[PDB]
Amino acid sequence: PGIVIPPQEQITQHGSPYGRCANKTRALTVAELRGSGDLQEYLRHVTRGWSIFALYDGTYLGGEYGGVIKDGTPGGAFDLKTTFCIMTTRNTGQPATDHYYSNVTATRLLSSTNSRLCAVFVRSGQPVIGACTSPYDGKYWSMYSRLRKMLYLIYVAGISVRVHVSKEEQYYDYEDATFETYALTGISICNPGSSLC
């Protein structure tokens, strides 16, 4: 409950074999399909036969089966011939204004082939925002070489920073995310109120 749900268009035109969702895309969860009406529909009107598909942590008995969402196990049904992959990048279309979150602490690192490096910035248990960096694609690729250095520093040190994100792009890399996740664009080991934050 309270999971960011991928917008219908994040789905890809064809599912992937051997469980190998393609690069820059990732398997859909049981919990995400469920929460997404638009998706369920899509699958229903596009799935023929007595077909069963692999979702990250479960199975989708489509076609003649009705459109059933069976709870599974992480990757445990990757033997099926097709897994449902979602794309991870979304051009939000919002304006590139600055958004910052103070007192945050980079945690839960995520990476993937030819994609982006992300972290979940928490604040007293509770997550707050997710942010990512990637030299590969992205409005802000330039800042990768510079960001990865501060990110790694604060990560292994536990340095309570103040993170800045540009909502111009949205990423769905994490699974069942209680938090949103945008493009990282700055970090600051900061003094309260500092003109430098």
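Numbers for residues come from their place in the sequence shown, where the first is 1.
According to the PDB record, 69-77 carries the higher mean C-alpha B-factor of the two stretches 99-107 and 69-77. Judged by mean Cα B factor in the deposited record, 58-66 ranks above the other of 128-136 and 58-66. Per the PDB entry, 39 shows the highest C-alpha temperature factor of the residues 39, 150, 165, 156. The PDB entry assigns the greatest CA B-factor among 177, 21, 11, 189 to 11. Residue 26: CA B factor lies in the lowest third for its chain, per the PDB record. In the deposited entry, the Cα temperature factor of residue 161 sits in the bottom third of values across the chain's modelled residues. Remark: residue 51 belongs to the highest third of its chain, ranked by C-alpha B-factor as recorded. For residue 44, the recorded CA temperature factor ranks within the highest third of the chain's modelled residues. Remark: residue 89 belongs to the middle third of its chain, ranked by C-alpha B-factor as recorded.
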